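First comes the structure, then the notes that go with it.
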Amino acid sequence: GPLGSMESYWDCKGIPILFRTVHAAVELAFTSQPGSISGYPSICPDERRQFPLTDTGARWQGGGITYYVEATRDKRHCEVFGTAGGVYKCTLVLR
């Protein structure tokens with residue numbers, strides 16, 4: 001594949017979630033009607049939506065939720081969470 005250094009990402013108990021993956025999920029969250037993507041996005045005045053993420057970079061396909069994002073439409077608020085062992089906040093690693 002093409003050469004590239006590591007861009008900013010979220011460290012979810014050792015699994016990196018790429019910034020591009022998170023932004024794609026937020027874009028999907030805000031172009032979908034609430035609940036339509038197998039129950040998501042859900043809603044948390046600056047509208048915040050909650051939407052699942054994958055570690056594979058692939059868009060989430062319904063079914064199991066290991067990671068999720070809570071974000072506003074322009075990502076000025078953007079936090080990533082994991083569910084393993086109880087909900088926890090992933091660590092943003094800026095590059």
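Note that each Cβ is placed from the backbone with ideal geometry, even for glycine, and that neighbours are counted across all protein chains shown. Read-outs: derived from the displayed coordinates by stated rules, not from any lab.
Condition check for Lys13 on (1) within 19 Å of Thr91 (Cβ to Cβ); (2) surrounded by 13 or more Cβ atoms within 10 Å (Cβ to Cβ); (3) more than 10 Å from the chain's Cα centre (by Cα): one failure, at (2).
Could you look through segment 42-75, keep only residues that are under 18 Å from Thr31 (Cβ atoms) and among the small types (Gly, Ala, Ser), and pick out the one that is surrounded by the most Cβ atoms within 10 Å (Cβ to Cβ)? Checked segment 42-75; the qualifying residue surrounded by the most Cβ atoms within 10 Å (Cβ to Cβ) is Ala71. Within segment 42-69, being in contact with a strand residue (DSSP E or B) (Cβ under 6 Å, 6 or more places away or on another chain) and more than 16 Å from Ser32 (Cβ to Cβ) holds for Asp55, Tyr67. Of the residues making up segment 37-95, those that are among the β-branched types (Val, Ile, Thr), in contact with a helix residue (DSSP H, G or I) (Cβ under 9 Å, 6 or more places away or on another chain) and not in a loop (DSSP other than H, G, I, E, B) are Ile37, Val69, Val80. The condition of being touching a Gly at 6+ places or on another chain (Cβ under 7 Å) and surrounded by 11 or more Cβ atoms within 10 Å (Cβ to Cβ) does not hold for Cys78.
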